Amino acid sequence: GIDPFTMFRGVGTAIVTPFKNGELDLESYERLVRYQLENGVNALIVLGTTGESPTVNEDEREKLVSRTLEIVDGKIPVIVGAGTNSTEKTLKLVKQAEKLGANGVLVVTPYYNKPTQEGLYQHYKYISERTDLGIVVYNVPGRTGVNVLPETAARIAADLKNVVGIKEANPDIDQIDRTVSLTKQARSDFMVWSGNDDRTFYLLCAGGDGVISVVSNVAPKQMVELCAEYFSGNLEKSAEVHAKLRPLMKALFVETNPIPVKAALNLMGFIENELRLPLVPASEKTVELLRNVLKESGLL
Amino acid sequence: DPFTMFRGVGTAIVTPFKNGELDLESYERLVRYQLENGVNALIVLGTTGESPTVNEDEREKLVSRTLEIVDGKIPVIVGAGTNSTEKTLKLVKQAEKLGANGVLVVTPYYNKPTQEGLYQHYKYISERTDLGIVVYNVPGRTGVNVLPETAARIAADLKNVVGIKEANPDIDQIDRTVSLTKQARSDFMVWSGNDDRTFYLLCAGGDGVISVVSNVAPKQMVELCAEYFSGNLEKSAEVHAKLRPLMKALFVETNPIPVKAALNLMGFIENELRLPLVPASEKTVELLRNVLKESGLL
Amino acid sequence: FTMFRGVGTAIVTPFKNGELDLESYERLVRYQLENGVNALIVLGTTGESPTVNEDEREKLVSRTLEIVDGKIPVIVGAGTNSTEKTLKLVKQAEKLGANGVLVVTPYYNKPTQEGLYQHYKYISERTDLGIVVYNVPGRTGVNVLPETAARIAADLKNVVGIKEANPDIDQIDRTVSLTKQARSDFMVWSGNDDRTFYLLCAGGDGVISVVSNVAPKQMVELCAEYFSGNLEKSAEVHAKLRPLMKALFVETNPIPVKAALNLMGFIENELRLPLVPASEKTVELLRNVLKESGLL
Amino acid sequence: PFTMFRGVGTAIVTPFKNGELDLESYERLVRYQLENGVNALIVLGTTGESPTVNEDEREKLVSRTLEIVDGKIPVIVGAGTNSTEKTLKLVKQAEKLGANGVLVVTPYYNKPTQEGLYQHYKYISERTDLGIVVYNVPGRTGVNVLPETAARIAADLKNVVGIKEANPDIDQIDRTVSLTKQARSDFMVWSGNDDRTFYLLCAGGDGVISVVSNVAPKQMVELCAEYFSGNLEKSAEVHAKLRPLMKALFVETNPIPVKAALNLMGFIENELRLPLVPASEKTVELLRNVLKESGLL
């Protein structure tokens, strides 16, 4: 089976997970979700890297996913980060998300253990055969130590009907170009979304479908506009939007994400600037950089 | 406990599987092969032991069986780190309860902590456990590199941290990790995390290796270190050069895929792994056949 | 008007019996002019500038200029890692009647960013010929920072543009953006065939090409579709050309392209040491790709 | 055999003053090298700014070097370009001037194939009597000589005496030493990075062609000499003590920092030729501190 509502185009926000006094801060979370919804965002990715999946426990995951679904109420698909480096454990998280009523799962290539390409394929196949959710492959070699080859992504697209697309966070334009080209040749409706905000414009140019975004946490309307202008055939306006957002795109990565984005959302009054070890709050220099860029972007 | 402060070879031992379960009889044979050949420590449930796919119940069985066989002859150090500081503490406590002599704690992978984050991660754990802790740096797998200055800060401040397994292959890092850590604390241990860097890490002033190659060639890796420690640098270098083909072959695919194929060729285990890992290709198996034969191991 | 838009072909320097093959060469120039190429770059990397002596240089540049008869710009590779020698080469180009010079960042000696600025400044002030900065860190060991490129753009009016062969999309993006903010009319051409489409999307002006040696009409088309406002057709030309773009770099350029031009009957497959002719594997690949491509 | 030195070969700078060779300062430097026990001199290497020294100056610099040295140690002349034809010419010029050997860089910028590199050195080998030193420096050239390629060279071209290995990867260092000496037992492998010298010696190599020895000849000599004497701990201690200076000399592209340093020491004018320019104030201040710390100032 499969859930086609996961086949979104445009911006899917990899939303942070707000904490306060060491627990989930769902009141702040709800404000953030509504901020996304009110600003034209087309999907919500919960418990991705940006949402600190490594440090959110099982009971917290269920609470956060359920609350998200309640707020969203079917307006846009809700896609849940649910991948580890164990194929068995990954299936368990996928099934928990399915049980909760999620539309889809975002499933990272196993990190740290560096599986072969055939291993990656078998990993997704095992999951694909045991769920009715739409599955999004998540490639981010900088974090995981492994890169899904475009040919491997294409084989997945052809064989695993459950897998609806891929979040491509390898910043190499050769990879972006070939991932878009090969997967869509294998299956014409396979989606390819940028996993890098600053690659979005070029991934659209390559023939892709949008972005699963960090920037949209703080600037959803602008990221939406970037994509919307492109799809409208207004390449020049899309590029101008991309240009305008550049300072913010870079500033959100001067330290490991989500450290800067949480500092920025705290500056804007949405959340407490609290993360879980081994992550720690942004440096004073990062915070000063964000303050200036946000003010210059009219967000503060 | 100075027991964990081993010099020489600590074998990062594989976890044998058969028909989807732990193969503890094969594991016992491997452990005895290690003991018979003079290795100075065992590291259980490291990367080579497929820690990501071995469940909690299996971890208990595997660690208990190891201690039963080893019977206090050499330290048993248990891999017990995740990318969550809270969960890592839990794993370390379980390891303590099991009777581990120490823990090997990988830098959090995938979430790319800052240097202050790495420090705080080890400080949090170090202050809350009675066991010796070995920092494990392996940027190629984790996405993060512990700077030599950060390792030195850890050595100076965290008395519980007994040393570092340094698997960053850059000789500049190797040189500086050894130098800065031992300046911070004279008996801070530094072991190579790469078999083919062992010789140079020894030259840099380090203490040995936590090894993949010793799963199949324990005696030769022990000889490499022993020749060095006894003042015979050129003989150590010769041992190194003779092992180089085997050292290279064991990483032509992601470890432990080749080492399990090798141990299977040698009759020790079934060639079985857990997804997302899969058995070695025919090309890899053929290479191992040749290299193991040349080495006098087949 | 060295400010060309579209395709500027980095043409190979044909040899035969260890001497310049000026006969084969002229055919190739015509092959170029017939298919709407917008410029010619002579004695670039692809033209084996390192192994072509000064007399050959002169004979080659003059023969080129006579054939082109002013139809399109002739831009001559004239750069070494010595600022003083580079000037000598640039003045020579200027005297033979070149329209512009392609000046590679000093290779091998890894100058500082200030060093690169003073390098182009010194040359720029002692010539009245259009200058193209040429950045290709993979070969030279140095990368012109976009901010350095933009400082060149703003300060040195003689510097007309940059050939950007750093394949990193981040660099491509920033080079285009900063230099054009510094100076609206500053030109940025791709130095990698397989980056052309993206460089165009980035606001660039075309490509100084290797592939165009063998498929000039297609490269021109790739650009023309883009300039006309047909982004999708352009991307398709780009995808269709992908096999050939890759095949031409399976060994160090121009080893593959010369082999290809030989398959197509244009030149003899001869290079000068330390370059040697393509392997059999390379040749077989090229034969297949060229056929699939309709060029053989 | 005279060319087959062990220990320190100084890649000596080329001094300039008011735009011309400063042979008077150069002679002072050469004497500083000899006095401090250096085992060879490499002239017109990267450190000697070979790209910007004209043909006439090359001759004047080489001739003066041989006159001062008068056969005490091998004088090896940097004589390689990215053109095989031109390289042969420079090699012949060096040979006619009386150089004891030539240091021949892998062709830079045109990225030759492994076979091309082999044919490049074969072509030169068969056409001169001088000992040739292969110079591998991928960071500057864009090409890396494979250890297997260097071993083929060792086996085949009896005229090639050794290699200056400036690829800083310890794997490459290890395998270049290992494979070349297996091909030919007396093939020399010298480090082309000061901060790799200790490890290259441990690998079984033969010393270093050095930048640091320009300012600290005796210290670099001691590093190698302690190792060769079987004094591993002492060699390691020299290595550790030289770390600050080794790093400071490359905070900007060599020879920018080493010229600033020699100028601080009063040996030369701080003048380079474009596209090189003098060291920044930050670099100058670091060198001052590091040199005083090292007892060189």
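Numbers here mean position along the shown chain, with the first residue as 1.
Determination method: X-ray crystallography, 1.9 Å.
Cβ coordinates are placed from backbone N, Cα and C, and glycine is handled just like the others.
Annotated features in Swiss-Prot:
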- C:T45: site 'Part of a proton relay during catalysis' (SITE)
- C:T46, C:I208: pyruvate binding site (BINDING)
- C:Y108: site 'Part of a proton relay during catalysis' (SITE)
- C:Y134: active site, proton donor/acceptor (ACT_SITE)
- C:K163: active site, schiff-base intermediate with substrate (ACT_SITE)
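Distribution of Swiss-Prot features across the structure.
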{"residue": "C:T45", "record": "site 'Part of a proton relay during catalysis'", "DSSP (3 states)": "coil"}
{"residue": "C:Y108", "record": "site 'Part of a proton relay during catalysis'", "DSSP (3 states)": "coil"}
{"residue": "C:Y134", "record": "active site, proton donor/acceptor", "DSSP (3 states)": "strand"}
{"residue": "C:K163", "record": "active site, schiff-base intermediate with substrate", "DSSP (3 states)": "strand"}
{"residue": "C:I208", "record": "pyruvate binding site", "DSSP (3 states)": "strand"}
Cβ atoms within 10 Å, counted per site: which of C:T46, C:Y108, C:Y134, C:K163, C:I208 has the most, among these recorded positions?
C:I208
Going by Cβ pairs closer than 8 Å, show me which of the recorded positions C:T45, C:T46, C:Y108, C:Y134, C:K163, C:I208 neighbour chain D.
C:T45, C:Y108
Once the chains shown are all counted, how many other Cβ atoms turn up within 10 Å of the Cβ of C:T45 (site 'Part of a proton relay during catalysis')?
24
Shortest C-alpha distance to C:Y134 (active site, proton donor/acceptor) - which of the recorded positions C:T45, C:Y108, C:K163, C:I208:
C:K163
How far is it from C:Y108 (site 'Part of a proton relay during catalysis') to C:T46 (pyruvate binding site), counting Cα to Cα, in Å?
18
Tell me which of the recorded positions C:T45, C:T46, C:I208 ends up closest to C:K163 (active site, schiff-base intermediate with substrate) in space, Cα to Cα.
C:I208
Measuring Cα to Cα, how many angstrom lie between C:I208 (pyruvate binding site) and C:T45 (site 'Part of a proton relay during catalysis')?
11
